[PDB]
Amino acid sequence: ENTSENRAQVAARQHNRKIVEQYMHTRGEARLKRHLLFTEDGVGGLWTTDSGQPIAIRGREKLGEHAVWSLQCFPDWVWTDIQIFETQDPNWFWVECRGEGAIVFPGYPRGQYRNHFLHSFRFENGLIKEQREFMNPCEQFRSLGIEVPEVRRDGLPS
């Protein structure tokens, strides 16, 4: 049904989708300004780490400082195979993608890093309020030359 309230929802979803697309295509020196897509109190970061706790980055200014580090440590990073998922909530989207690039972490040799990612994007007033990234930390261990722990799964059917 075509009501002003359904129209408002569609418009919000369309606006927010464009912001998700811009985020996922932001590369190179543009990464230094990605934070501008966030609310002033917006949070971003990595939810899947070896410690089990997230690396949450709180606030638009912190996000921008993080991006200086990110560009140093992942200097040519690109997201590919981007699939955007709208949800029943006009302010909530999911993205499934791949990413690849050099990894340059101090204390490890330079490597090439590939991973599979899910990202969650929640909006408020057309800006991102919360972004979360989910990946397999084991693939990051491999890129850094760190031995990956192995689980045996005896009797697992074949």
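From 1 onward, residues are counted along the sequence shown. Superpose the two forms; the largest set of C-alphas matching within 1.5 Å is the rigid core.
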7 to 15 or 21 to 29, the stretch lying farther from the shown form in 9 other deposited structures of this protein by root mean square CA distance over structures and residues, after core fitting, is 7 to 15
Averaged over C-alpha atoms, is the B-factor higher for 50 to 58 or for 97 to 105 in this PDB entry? 50 to 58
131 to 139 versus 144 to 152: which one carries the higher mean Cα B factor per the record? 144 to 152
Based on the deposited C-alpha B factors for this chain, I'd like to know if residue 126 is in the lowest, middle or highest third. highest
In terms of the CA temperature factor given in the entry, to which third of its chain does residue 20 belong: lowest, middle or highest? lowest
Here the Cα B-factor of residue 110, set against its chain, lands in the third termed highest
